[PDB]
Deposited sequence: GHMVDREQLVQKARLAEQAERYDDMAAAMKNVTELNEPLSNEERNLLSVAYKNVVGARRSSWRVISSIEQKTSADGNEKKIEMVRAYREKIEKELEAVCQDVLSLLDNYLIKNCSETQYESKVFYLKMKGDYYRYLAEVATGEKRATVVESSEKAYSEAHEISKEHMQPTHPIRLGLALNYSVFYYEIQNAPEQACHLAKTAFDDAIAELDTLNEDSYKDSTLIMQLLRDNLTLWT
C-alpha cells in the first residue's frame, strides 16, 4: 500500500466518521519518516482530535454520574461506575501517549529550524494532548503532565511571536489553547485572561492583512474572555 493510498484511506474514514481508521491511516503516513503537508497535518490532527475527544466527552459524562453517586452514598453502584471511568481513562491515555510518541520521534524531530509553522503546530499538539492527560490525571502523575504541557506551550508561544504574524490561525490557535491551559488546569485566571486579551488585540490591528479560521478562533477568544469575566 503506497503513501497516497493511505492518505486516500484517511480522507475516506473522515466522511465515514470512522476516526479510528482515519487515525491509523495517518499514523502510517507519519511513520514513513517524511514530512507532512498542510492537508496531511490536519488529517492527522482532526483524526486524533476526534478519537481522544470521544473519550473526553464520555469521561466527563461518567465523571458527573460518579459525583452524583458519591453524594448519594450508593457504594455498591459506584464501584461499577468508577470501574467504567478507569476503563475510559486508560483508553484516553493510550491514545494520547500514541499521539505524543509520534511527535517527539517523527514530527517535531524532522522539522528544520527555518520551518517554524510546522514546529508551532506540532508543539501546540504536544501541549494540547499533555493538557488532555492532565484533565483526568490526579496527584503525582498530574504534576508531570502539567509541566510537560507548560513546557510545550511556552516554547511554542516563544516561537510563534517570533516568526508568525498576529492573524495567523496557528499562532492564534495556540494562544487560545494556552489560556485554556492557564485557567482550566493551572487555575490562573489573570494569566489566562492576559494571554487571551493580548492575542485578540494583536490581531485586531493587523486584521486587513489577514480569514474564516482566524476570525472564528478570535471569536472563541472573546467568548472565553467574557466567560472568565
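Next item on the list: In sequence order, name the stretches of the deposited sequence that have no C-alpha in these coordinates.
Entry: Since the structure holds only modelled residues, the stretches it omits are 1-3, 214-217.
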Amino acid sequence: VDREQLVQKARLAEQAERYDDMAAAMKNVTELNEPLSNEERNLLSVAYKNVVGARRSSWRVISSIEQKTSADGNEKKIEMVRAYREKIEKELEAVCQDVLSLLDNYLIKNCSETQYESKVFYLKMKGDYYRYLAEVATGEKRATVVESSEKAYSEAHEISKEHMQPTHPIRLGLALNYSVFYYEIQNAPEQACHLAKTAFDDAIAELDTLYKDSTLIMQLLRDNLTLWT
From here on, numbers count along this sequence of modelled residues.
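We call the rigid core the largest set of C-alpha positions that still match within 1.5 Å between the two forms.
Check: Rigid core superposed, root mean square over structures and residues, which stretch has C-alphas farther from this form in 9 other deposited structures of this protein, 199-207 or 172-180?
Finding: Between 199-207 and 172-180, greater C-alpha deviation in 9 other deposited structures of this protein belongs to 199-207.
Notebook entry, point to check: After fitting on the rigid core, which stretch moves more in 9 other deposited structures of this protein, 18-26 or 211-219, going by C-alpha RMS?
Noted result: Most displaced of the pair in 9 other deposited structures of this protein: 211-219.
Notebook entry, point to check: For residue 73, does the count of other compared entries lacking it reach at least a third?
Noted result: Yes: coordinates for residue 73 absent from at least a third of the compared entries.
Margin query: Test of understanding: from the entry's C-alpha B-factors, which stretch has the higher mean, 127-135 or 97-105?
Written below: Stretch with the higher mean C-alpha B-factor: 97-105.
Next item on the list: Using only the Cα atoms and their B-factors as the entry lists them, report which of 193-201 and 50-58 averages higher.
Entry: That would be 193-201.
Next item on the list: Sort 71, 83, 152, 111 by C-alpha B-factor from the entry and give me just the highest.
Entry: Highest CA B-factor of the listed options: 111.
Checklist line | Candidate residues 179, 45, 33, 64, the one whose C-alpha B factor the record puts highest | finding: If I rank 179, 45, 33, 64 by C-alpha B-factor, first place goes to 33.
Next item on the list: Name the third of the chain's ranked CA B-factors that contains residue 88, choosing lowest, middle or highest.
Entry: Residue 88: CA B-factor falls in the lowest third of its chain.
Next item on the list: Would you check the entry's CA temperature factor for residue 159 and let me know if it's in the chain's lowest, middle or highest third?
Entry: Within its chain, residue 159 is a highest-third residue by C-alpha B-factor, going by the deposited values.
Notebook entry, point to check: Thinking about Cα B factors across the chain, which third does residue 142 belong to?
Noted result: Top third by C-alpha B-factor.
Margin query: Which third, lowest, middle or highest, does the C-alpha temperature factor of residue 76 belong to within its own chain?
Written below: Within its chain, residue 76 is a middle-third residue by C-alpha B-factor, going by the deposited values.
Notebook entry, point to check: Lowest, middle or highest third: where is residue 185 by C-alpha B factor in its chain?
Noted result: For residue 185, the deposited C-alpha B-factor lands in the highest third.
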